[PDB]
């Protein structure tokens, strides 16, 4: 009844849907929230070819714009499950079911948690996983950013707009971030570093964060230091709970595909960050999305 349903409207899904709709496939694009996915939690995007710098939510709007007009059917849905009946598939949301010949899973990835004490207790009140969302609540604070990759270092640079100081705590003595971003952080006077360390405890009042306890991973030296905010960027977990049962995931829960975005299950493809892969970028989300869209077209034609 749908030719293709695409689950998730971040850049991978939105590219897939644009392409399926241009192949005049009966296209459903389901998204639980706002079109744009992680791009809406990104302040400044500098590496999307075609734009020299653009706010994440502006790029989100631009990618979402033509979809209506191409005839993609955009709809709210939180997908809870998928059933492989052989020549059709059923997608289950909170209130609905949808029948489709093919599915493109584009549901992305989510912030990994530290799993330390205080992390949940201070969720509304000093702990954040999103700088563009929360940063201005930390004006004049001493902010702490945990992690050494692209997200930690970029989001630290952004947060220097608000904080008195921003400190990056990384568990080794070399960052994983792109060298250009590393160099910017090294040069920025409002960024400090706690190398070779991991956080152990986040402490505060009833009402807000006050301090973090942490450990040096080469010596075991333990330190406690005052901070007003903590932003955590320690990696990603897959957002694929609705396919746990299906046999298409690895041990960590990422969706396994071949190089044409095919899973085990014929007619089910996956694209973008939710796939098992090392390189998570808008450019490769877009690429994945287009390739899936073409493979879906062909799968459906063969049917």
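Residue numbers count along the first chain shown, from 1. By rigid core we mean the largest C-alpha set that fits within 1.5 Å across both forms.
Farther from the shown form on average, by C-alpha root mean square after a core fit in 6 other deposited structures of this protein, is 157-165, of the stretches 98-106 and 157-165.
The rigid core fit leaves 136-144 as the farther-lying stretch in 6 other deposited structures of this protein, judged by Cα positions and set against 109-117 and 136-144. The stretch with the higher mean CA B factor, choosing between 14-22 and 291-299, is 291-299. With 240-248 and 265-273 compared on mean CA B-factor from the PDB entry, the stretch scoring higher is 240-248.
Across 216, 211, 182, 140, the greatest Cα temperature factor reported in the deposited entry is at 140. Taking the deposited Cα B-factors for 220, 135, 149, 199, the highest one is held by 135. Residue 33 sits in the middle third of its chain by CA B factor, as recorded in the PDB entry. For residue 171, the recorded CA temperature factor ranks within the lowest third of the chain's modelled residues. In this PDB entry, the Cα temperature factor of residue 162 sits in the top third of its chain's modelled residues, the highest group. Among all modelled residues in this chain, the alpha-carbon of residue 53 has a temperature factor (C-alpha) in the highest third. Among the modelled residues of its chain, residue 188 has a C-alpha B-factor that falls in the middle third according to the deposited record.
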